[PDB]
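Protein sequence lines, in the order shown, are assigned to chains B and D.
Letter by letter, the first sequence follows residues 28 to 40, 52 to 94, 116 to 158, 173 to 253, 290 to 321, 332 to 408 of PDB author numbering.
Letter by letter, the second sequence follows residues 1 to 257, 276 to 390 of PDB author numbering.
Every residue, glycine too, gets a C-beta built ideally from N, C-alpha and C.
Reading through the structure tokens given below for one structure.
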Amino acid sequence: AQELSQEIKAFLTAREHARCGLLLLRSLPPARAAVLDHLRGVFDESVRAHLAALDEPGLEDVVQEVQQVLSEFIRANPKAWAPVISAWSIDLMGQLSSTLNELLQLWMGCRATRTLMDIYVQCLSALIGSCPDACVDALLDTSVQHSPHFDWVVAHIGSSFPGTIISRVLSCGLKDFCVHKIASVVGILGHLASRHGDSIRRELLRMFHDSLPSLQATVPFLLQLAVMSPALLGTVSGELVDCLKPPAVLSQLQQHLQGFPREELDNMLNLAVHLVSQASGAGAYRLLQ
Amino acid sequence: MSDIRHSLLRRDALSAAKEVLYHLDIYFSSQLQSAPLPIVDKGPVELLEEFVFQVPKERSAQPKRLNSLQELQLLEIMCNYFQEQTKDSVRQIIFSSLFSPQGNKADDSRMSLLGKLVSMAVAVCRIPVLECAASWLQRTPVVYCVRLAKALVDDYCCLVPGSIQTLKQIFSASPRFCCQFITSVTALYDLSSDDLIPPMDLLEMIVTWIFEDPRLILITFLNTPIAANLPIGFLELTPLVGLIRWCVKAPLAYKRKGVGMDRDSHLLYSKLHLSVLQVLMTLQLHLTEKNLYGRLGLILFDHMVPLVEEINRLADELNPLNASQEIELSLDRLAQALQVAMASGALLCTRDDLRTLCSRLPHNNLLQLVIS
């Protein structure tokens with residue numbers, strides 16, 4: 028009891055202070071957040087200690124030790140540790156980003186940022202099998218306030234895990250489109302296009318079919344996405360003709376379009392004109408036929 | 001009271017809370033020196049809400065919020081004050097004024113603070129804080145006692161692996177707090193759902209606590225003047241009902257829900291049932307010594323009716339799943355508990371009452387023998 032009290036007092040009143059915080063994390067539950075908050079001060083300085091080093116050293120061991128402690132804590136009980144640590148880490152990445174390939178290379182160059190993405194990766198990989206939403210939401214939610222300085226974590230995660238990140242990104246983009290960030294969505298989708306065009310095309314096609332206030336705006340949202348990002352319309356024009364080919368699909372498209380006023384139908388027509396004008400890579404002859 | 005609020009509005013949140021605690025100390029000491037029964041005025045409650053729990057009284061005023069670090073400073077200062085407070089009456093009254101429910105939006109925050117403070121009391125072994133928490137649990141409605149028990153179980157059973165040992169070391173420090181914590185835990189984990197099975201480490205530590213000193217559960221009953229009418233909506237005087245519910249509903253709940279861990283749970287529940295039966299037999303002497311034999315029943319029939327209904331519902335649900343052995347074990351445990359309680363006078367009821375109550379239960383030889 029007395030030693031724990033002395034540890035608490037010494038912690039509350052950098053390497054030694056952080057080790058005191060880690061011991062309290064391992065021993066005294068109620069102080070966790072405070073230690074976590076202190077750990078935030080450990081990380082931010084490091085990034086500065088990195089950034090100034092780019093402009094022109117004993118805390119990297121602290122970051123490594125915190126990483127081992129967090130990894131052990133997740134491996135002991137992922138269901139109880141992964142959400143909290145993931146949310147705290149995502150808040151960390153958001154704040155140090157506020158305070173795509175070039176930015177990715179710049180930020181994975183820092184040891185602290187790499188460790189942050191690593192603990193997020195292990196937390197989600199622990200929570201993919203049961204319930205990754207608490208992680209993904211913690212990502213997606215944070216992505217609201219830190220765009221466009223945030224996007225590259227989302228890009229890295231989608232590169233590592235496309236099947237859920239792509240769908241969630243499309244859903245949140247559609248939500249924003251209905252409400253009103291869409292530029293950030295375009296940027297990340299273009300970034301992951303070069304390696305996951307198949308999955309992006311598949312998800313876009315499934316959303317398009319499922320649509321056939333959120334469900335009415337899917338087609339205009341898709342057209343706006345294609346007009347913003349050449350990569351996606353290049354990825355999808357390979358099977359756009361096969362997608363519009365069946366008569367039932369075209370009839371459903373007409374029926375859905377009948378619900379908008381003529382000003383909106385004119386805009387929908389004009390969007391297709393820009394796509395078929397500045398989009399086709401190889402299916403232009405088949406499309407025009 | 002208006003002058004102090006203006007001065008505290010100019011200070012930082014931690015210093016404001018510390019000055020609030022110091023002024024409460026002075027005010028309650030003066031009131032107890034002047035009167036034997038102090039009256040908790042609205043002033044201290046509003047002051048605690050505004051400056052300790054940080055509930056803004058003015059809509060347009062930005063609330064100064066303690067960070068987790070400053071809140072840990074507050075917890076440390078609060079624990080130090082409780083340890084340094086010599087007079088027990090002032091300590092208990094200030095604990096009540098700090099943590100008595102008020103029915104407002106602040107209570108939740110208060111709960112969190114209490115749900116943390118008691119946790120800190122477990123870590124550094126502050127006996128006065130544990131005694132005050134036990135008294136609060138005794139004098140608080142069950143809805144907040146369950147919340148505090150859930151918070152403590154989360155900190156010491158599900159979050160840190162191996163920290164439960166510390167809570168176990170509480171047994172030799174504050175037995176009253178241990179009994180109240182067991183009562184609140186039994187009120188919390190009723191085994192009605194798969195998420196309400198008590199934690200395995202918590203179950204083991206409870207079983208060890210009861211087996212080491214069976215009288216622990218009766219400590220409150222042995223140290224409280226028993227009124228003619230127990231208040232409705234509060235924790236029971238003795239958690240014997242919770243232990244009966246646990247022991248009888250464990251087989252059905254586990255069947256509804276790892277083979278070795280299930281065997282360990284079965285052995286632990288059998289040990290707990292034996293300990294509870296022994297407590298029931300020993301209860302007769304304590305009841306006779308207090309001139310309460312045949313007059314006060316620590317186990318209520320109105321509390322056994324929902325238990326029997328739940329047993330019948332669980333048996334009906336689990337019958338297609340070939341759960342005959344679990345149903346038989348549950349019925350045997352219930353019959354043993356009923357027989358021992360009736361023999362020791364813990365349950366005040368007639369045999370016709372048991373005939374009416376257990377008529378809907380599946381046939382059991384031991385249950386029929388007890389009934390007849």
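Legend entry - Contact list for the region 130 to 163 of chain D against chain C, Cβ threshold 9 Å: As a matter of chain content, chain C is missing from the structure shown, whose protein chains are B and D.
Legend entry - Option nearest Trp147 of chain B by Cα separation, candidates B:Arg134, B:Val121, B:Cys196 and B:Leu179: Closest option to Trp147 of chain B, Cα to Cα, is B:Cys196.
Inset, instruction - Note down, in chain order, all residues in the region 55 to 74 of chain D with a beta-carbon under 7 Å from any beta-carbon belonging to chain B. - result: In summary, the residues of the region 55 to 74 of chain D whose CB is separated from some CB of chain B by less than 7 Å are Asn67, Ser68, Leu69, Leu72 and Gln73, in the order they occur in the chain.
Inset, instruction - Return the chain-ordered list of same chain residues with a C-beta closer than 6 Å to the C-beta of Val294 of chain D, the five sequence neighbours on each side being excluded. - result: Cβ within range, chain order: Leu243.
Inset, instruction - Compare the C-beta of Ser65 of chain B with all C-beta atoms of chain D and state if any pair is closer than 9 Å. - result: It does; some Cβ of chain D falls within 9 Å.
Legend entry - According to DSSP, residues forming a beta bridge with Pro141 of chain D: Answer by DSSP bridge pairing, in chain order: D:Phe234.
Inset, instruction - Could you tell me whether the Cβ of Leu77 of chain B comes closer than 9 Å to any Cβ of chain D? - result: Not one chain D Cβ lies under 9 Å of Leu77 of chain B.
Inset, instruction - Label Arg281 of chain D either buried or exposed according to how many other C-beta atoms from any shown protein chain fall within 10 Å of its C-beta, with 16 as the threshold for buried. - result: A residue is called buried once 16 or more other Cβ atoms fall within 10 Å of its Cβ, and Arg281 of chain D, having fewer, is exposed.
Inset, instruction - Name, please, each residue of chain B whose Cβ falls closer than 8 Å to the Cβ of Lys116 of chain D. - result: By Cβ distance, chain B contributes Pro68.
Inset, instruction - List the residues of chain B whose Cβ lies closer than 8 Å to the Cβ of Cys125 of chain D, in chain order. - result: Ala28, listed in chain order.
Inset, instruction - State whether the region 19 to 27 of chain D contacts the region 369 to 387 of chain B, with contact taken as three or more CB pairs (one from each stretch) at a distance under 8 Å. - result: Contact between the region 19 to 27 of chain D and the region 369 to 387 of chain B is absent, because fewer than three Cβ pairs lie under 8 Å.
Inset, instruction - Please say whether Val80 of chain B and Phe38 of chain B have beta carbons closer to each other than 9 Å? - result: No.
Legend entry - 8 Å contact criterion, which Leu375 of chain D and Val326 of chain D should meet: CB distance rounded: With a Cβ gap of about 6 Å, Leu375 of chain D and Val326 of chain D count as contacting.
Inset, instruction - Sort D:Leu385, D:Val129 and D:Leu372 by Cα distance to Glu346 of chain D and report the nearest one. - result: The candidate whose alpha carbon is nearest that of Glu346 of chain D is D:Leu385.
Legend entry - Minimum length 3: unbroken beta strand (DSSP E) runs contained in the region 297 to 380 of chain D: Runs found: none.
Legend entry - Contained alpha helix (DSSP H) runs [length at least 4] in the region 86 to 170 of chain D, N- to C-terminal order: Complete alpha helix (DSSP H) runs here, min 4: 88 to 99, 106 to 124, 127 to 138, 142 to 153 and 164 to 169.
Inset, instruction - Could you pull out every residue in the same chain whose Cβ sits closer than 7 Å to the Cβ of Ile217 of chain D, ignoring the five residues on either side in sequence? - result: Within its own chain, the residues whose Cβ lies closer than 7 Å to the Cβ of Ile217 of chain D, once the five positions on either side in sequence are excluded, are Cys179, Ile182, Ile210, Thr238, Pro239, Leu240 and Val297, listed in chain order.
Legend entry - Beta-carbon contacts of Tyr189 of chain D that lie in its chain and below 7 Å, excluding the five residues immediately before and after: Excluding its 5 nearest sequence neighbours in each direction, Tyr189 of chain D has C-beta neighbours in its own chain below 7 Å: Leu196, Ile197 and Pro198, listed in chain order.
Inset, instruction - Answer yes or no: does any C-beta atom of chain B fall closer than 9 Å to that of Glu335 of chain D? - result: For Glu335 of chain D, the answer is no, since every Cβ of chain B falls outside 9 Å of its Cβ.
Inset, instruction - Just the C-alpha distance for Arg65 of chain D and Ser362 of chain D, rounded to the nearest angstrom, thanks. - result: The alpha-carbon atoms of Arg65 of chain D and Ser362 of chain D are separated by roughly 55 Å.
Inset, instruction - Find out if the Cβ-Cβ distance for the pair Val185 of chain D, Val153 of chain D is shorter than 9 Å. - result: Result yes, Cβ atoms of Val185 of chain D and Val153 of chain D sit closer than 9 Å.
Inset, instruction - Please state if the CB of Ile329 of chain D and the CB of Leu356 of chain D are separated by a distance shorter than 9 Å. - result: No, they are not a contact pair.
Legend entry - Which of helix, strand or coil DSSP assigns to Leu216 of chain D: Of the three classes helix, strand and coil, the one that applies to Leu216 of chain D here is helix, per DSSP.
Inset, instruction - Apply the 10 Å Cβ neighbour rule to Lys257 of chain D and answer buried if 16 or more other Cβ atoms are within range, or exposed otherwise. - result: Exposed, by the Cβ-count rule.
Legend entry - 6 Å Cβ shell around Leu372 of chain D - same chain, five flanking residues per side excluded: The residues are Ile389.
Inset, instruction - Return the CA-CA distance between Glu119 of chain B and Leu213 of chain B, expressed in angstroms with no decimal places. - result: Inter-residue distance for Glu119 of chain B and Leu213 of chain B is about 29 Å (C-alpha atoms, whole angstroms).
Inset, instruction - For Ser333 of chain B, I'd like the list of residues in its chain whose CB is within less than 8 Å of its CB, leaving aside the five on either flank, ordered along the chain. - result: Correct list, in chain order: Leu247, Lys248 and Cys251.
Legend entry - Contact with chain B by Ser119 of chain D, beta-carbon distance below 9 Å: With 9 Å as the cut-off, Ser119 of chain D counts as an interface residue toward chain B.
Legend entry - As assigned by DSSP and simplified to three states, the class of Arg241 of chain B: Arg241 of chain B falls in the helix class under three-state DSSP.
Legend entry - Separation of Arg310 of chain B from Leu351 of chain B, as counted between CA atoms: One alpha carbon belongs to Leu351 of chain B, the other to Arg310 of chain B, and they sit about 8 Å apart.
Inset, instruction - Would you check if the distance between the CB atom of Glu204 of chain D and the CB atom of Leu286 of chain D is smaller than 9 Å? - result: In this structure, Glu204 of chain D places its C-beta atom within 9 Å of the C-beta atom of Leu286 of chain D.
Legend entry - Close Cβ partners of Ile238 of chain B (< 6 Å) along its chain, the five nearest in sequence each way excluded: These residues qualify, in order along the chain: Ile230 and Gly231.
Legend entry - chain D contact for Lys248 of chain B (CB, 9 Å cutoff): The Cβ of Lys248 of chain B sits no closer than 9 Å to any Cβ of chain D.
Legend entry - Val360 of chain B versus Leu243 of chain B - alpha carbon distance: Rounded to the nearest angstrom, the two C-alpha atoms are 22 Å apart.
Legend entry - Reference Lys87 of chain D, options D:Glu131, D:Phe51 and D:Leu47, closest by Cα: Taking only the C-alpha atoms, the option nearest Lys87 of chain D is D:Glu131.
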